[PDB]
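What follows is a single structure, written as structure tokens, with notes after it.
The figures that follow rest on heavy atoms only: side chains count, while hydrogens, waters and symmetry mates do not. Sequence lines set the chain letters: A, B, ... in the order given, protein chains first and strands last, and positions in each chain run from 1.
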Amino acid sequence: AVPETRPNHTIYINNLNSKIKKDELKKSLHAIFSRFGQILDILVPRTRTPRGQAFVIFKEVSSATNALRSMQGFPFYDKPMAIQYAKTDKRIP
RNA sequence: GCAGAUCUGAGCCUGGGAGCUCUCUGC
């Protein structure tokens, strides 16, 4: 899937390491992405099979923008993160 | 209904994974 996106509060990360427990994955994504700004939630959706996908919802769009740029392709648990803006913002105002 | 659960529950769809349904648990 290669959808048209535009900046919003939420980034979509895939190519994550599927061997990492979901609770540890959430804590590690929080620790590394909180440098860019306040995080409202981190979602790791349950899929029929493990697929290495997560969403990080930032309080400010600028935080998402800087995280997307800075962390694109960066190793996380020995795999390069692939990052996009979310197709549809997951923030709940 | 809401929230969770599978490399540690399942059937599909897909066949270059942001898909669907079920089952189970709590409320």
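Each of A/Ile13, A/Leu43, A/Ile39 was scored for a side chain to side chain contact (heavy atoms under 4.5 Å, CB included) with A/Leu29, with one residue passing: A/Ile13.
The distance from atom CG of A/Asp89 to atom P of B/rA18 is 19 Å, rounded to the nearest whole Å. A straight line from CG of A/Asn15 to P of B/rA18 spans 11 Å, rounded to a whole angstrom.
Residues A/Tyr12 and A/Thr5 have side chains that never bring a donor and an acceptor to within less than 3.5 angstrom of each other. One side chain, A/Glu24 or A/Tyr77, offers a donor N or O that lies under 3.5 Å from an acceptor on the other.
B/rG9 has a positive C1'-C2'-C3'-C4' torsion, placing its sugar in the north range. Nucleotide B/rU8 carries a south-puckered sugar, as indicated by a negative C1'-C2'-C3'-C4' torsion. A positive value of the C1'-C2'-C3'-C4' torsion places the sugar of B/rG4 in the northern pucker family. Nucleotide B/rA18 shows a negative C1'-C2'-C3'-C4' value and thus a south, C2'-endo-like sugar.
Of the P atoms belonging to B/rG19 and B/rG15, the separation is 15 Å, rounded to the nearest Å. Only the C1' atoms considered, B/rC7 is 24 Å distant from B/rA3, to the nearest whole Å. Between B/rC24 and B/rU6, the two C1' atoms lie 11 Å apart (nearest whole Å). One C1' atom belongs to B/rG1, the other to B/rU14, and the distance between them is 30 Å to the nearest Å. With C1' as the reference atom, B/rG16 and B/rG4 are 31 Å apart, rounded to whole Å. B/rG17 and B/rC12 are spaced 14 Å apart, taking the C1' atom of each and rounding to whole Å. Using P as the reference atom, B/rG9 and B/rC27 are 23 Å apart when rounded to the nearest Å. Annotation: B/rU23 and B/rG11 have their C1' atoms spaced 10 Å apart (nearest Å).
Summarising the geometry of A/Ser63 relative to A/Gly37, their closest heavy-atom pair is OG-CA, 3.7 Å, with the distance given to 0.1 Å. Of all the heavy atoms in A/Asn17 and A/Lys79, the pair that sits closest is CA-CD, 3.6 Å. Between A/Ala86 and A/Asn8, the shortest heavy-atom distance links the atoms O-ND2, 2.9 Å. Nearest heavy-atom pair across A/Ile57 and A/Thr10 is CG1-OG1, 3.6 Å.
Aromatic ring pairs are classed by plane angle as parallel below 30°, tilted from 30° to 60° and perpendicular above 60°; the pair A/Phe33 and A/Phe58 is perpendicular.
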- Query: Reading nucleotides 1-17 of chain B from the 5' end, what letters show protein touch, with B for base, S for backbone sugar-phosphate only, - for no heavy atom under 4.0 Å?
  - Reply: ----BBBBBBBB----B
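Adjacent nucleotides B/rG17 and B/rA18 miss the stacking criterion of ring centres closer than 5.5 angstrom and planes inclined by less than 30 degrees. Judged on ring centres (limit 5.5 Å) and ring planes (limit 30°), B/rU14 and B/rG15 form a stacked step. Under the rule of centres below 5.5 angstrom and planes below 30 degrees, the bases of B/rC24 and B/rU25 are stacked.
Remark: RNA chain B takes part in the stems B:1-5 with B:23-27, B:9-12 with B:19-22, each of 3 or more antiparallel Watson-Crick or G-U pairs, criterion distances under 3.5 Å.
Looking at heavy atoms from C-beta onward, A/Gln84 lies in side-chain contact with A/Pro3 at the 4.5 angstrom threshold.
Within a 6.0 Å radius of NZ in A/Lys22, other residues, nucleotides and ligands contribute more than 12 heavy atoms.
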